[PDB]
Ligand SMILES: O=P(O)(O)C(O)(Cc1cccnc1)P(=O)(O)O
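Listed next as structure tokens is one chain, alone, in the form deposited without this ligand.
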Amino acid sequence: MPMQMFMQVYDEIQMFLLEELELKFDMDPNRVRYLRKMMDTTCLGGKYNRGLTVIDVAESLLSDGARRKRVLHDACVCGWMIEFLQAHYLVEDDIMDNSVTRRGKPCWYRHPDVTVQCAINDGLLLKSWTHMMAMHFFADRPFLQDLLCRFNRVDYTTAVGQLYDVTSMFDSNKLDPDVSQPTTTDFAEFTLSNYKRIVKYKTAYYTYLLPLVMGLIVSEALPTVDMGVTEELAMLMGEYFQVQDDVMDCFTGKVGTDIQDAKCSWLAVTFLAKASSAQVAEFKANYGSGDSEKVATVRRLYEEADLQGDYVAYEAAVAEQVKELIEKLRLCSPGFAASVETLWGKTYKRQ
């Protein structure tokens, strides 16, 4: 049901965007068609949990037919603002990582006649489409200024996160736009504290706080909740998401490549913070190569350091913190707090 409405508002948003390009930007149908395909490929095919969260939050805050009809439709449009924003970051981050595929289709910039030259701009369009849809559908809403400001702020936040991700490669002290660096990692930046900072800004704001905020706004309920507790829940849930991902990447789509990719994962930083000198040097020697001997070594080390045990203890401490915060929130905001529970239930030990 939520999904049906969601996908219906997709077509209605697509329609508006494509027509406007025709009527107002003089666009011919060859180019309109290219952008339709870019839009579909970049925005469709995931689970839409970010966007669906907005719907679910708006449904729980509803407390004569047609306020409900409008609030839910607003929720769907906000939901798609988040999905298109995410698509924007994926397209740009894939180019930035020189990644290869996504869903098990190719990275957008890797399609045969999309080019790195076109794809960068395609990203820019995807993010402008968030503004254009907000400005069209919410032209007359009193929350429009506030929505744009909060959205802009999360946008910025996410680009900042991507800065931290991008500069996790080498000693921050040698950071200089005039002076090359080896694209061997250092590991100098592979600390828990840096990892937590990357995840928080790159990921937790847009994935967990923004959908909750948007559901609040379109329900006109934002002042009714404790925003400090709400952010804290978002940051914790968001962090747990990525750590859960990082672990499953190693120890469970088809199978993941963070080790080969030499990623700053929870595993790597947690391993480095507890390991012996000998373990460290063997890590450094084996990490970040496709070679299936080098990989297997890294997994072995991860296994000897009992990282899965550490994971299980981290998970349970997060759960108990999440649970206390949800109860603080339920004191004043019982409907909002249930929606957060439900969000947490779609993250905790996956699904």
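The term rigid core refers to the most C-alpha atoms you can superpose between the two forms while keeping them within 1.5 Å. Start at 1 and count along the sequence shown; that's the residue number.
Not on display, but discussed next: the form solved in complex with this ligand.
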Segment that reaches this ligand in the deposited bound form - one of 67-75, 177-185, 273-281, 239-247, heavy atoms within 4.5 Å: 239-247
Partner contact for residue 206 in the deposited bound form: this ligand, 4.5 angstroms, heavy atom: yes
4.5 Å heavy atom contact, residue 258 and this ligand in the deposited bound form: yes
Contact of residue 226 with this ligand in the deposited bound form (heavy atom, 4.5 Å): no
Exercise: residue 90 in contact with this ligand in the deposited bound form, heavy atom 4.5 Å: yes
Of 102, 136, 141, 111, the one that lies within 4.5 Å of this ligand in the deposited bound form (heavy atoms): 102
Of 232, 220, 171, 97, the one that lies within 4.5 Å of this ligand in the deposited bound form (heavy atoms): 97
Single mover in 203, 86, 230, 244, with Cα shift of 2 Å or more between this form and the one not shown when the core is superposed: 244
C-alpha of residue 121 moved at least 2 Å between this form and the one not shown on rigid core: no
Core-aligned C-alpha movement of residue 146 between this form and the one not shown reaching 2 Å: no
Core superposition between this form and the one not shown, C-alpha change of residue 220 at least 2 Å: no
Cα-Cα shift for residue 93 and residue 185, closer or farther in the deposited bound form, minimum 3 Å: farther
Direction of the Cα shift between residue 183 and residue 116 in the deposited bound form, where the change is 3 Å or more: farther
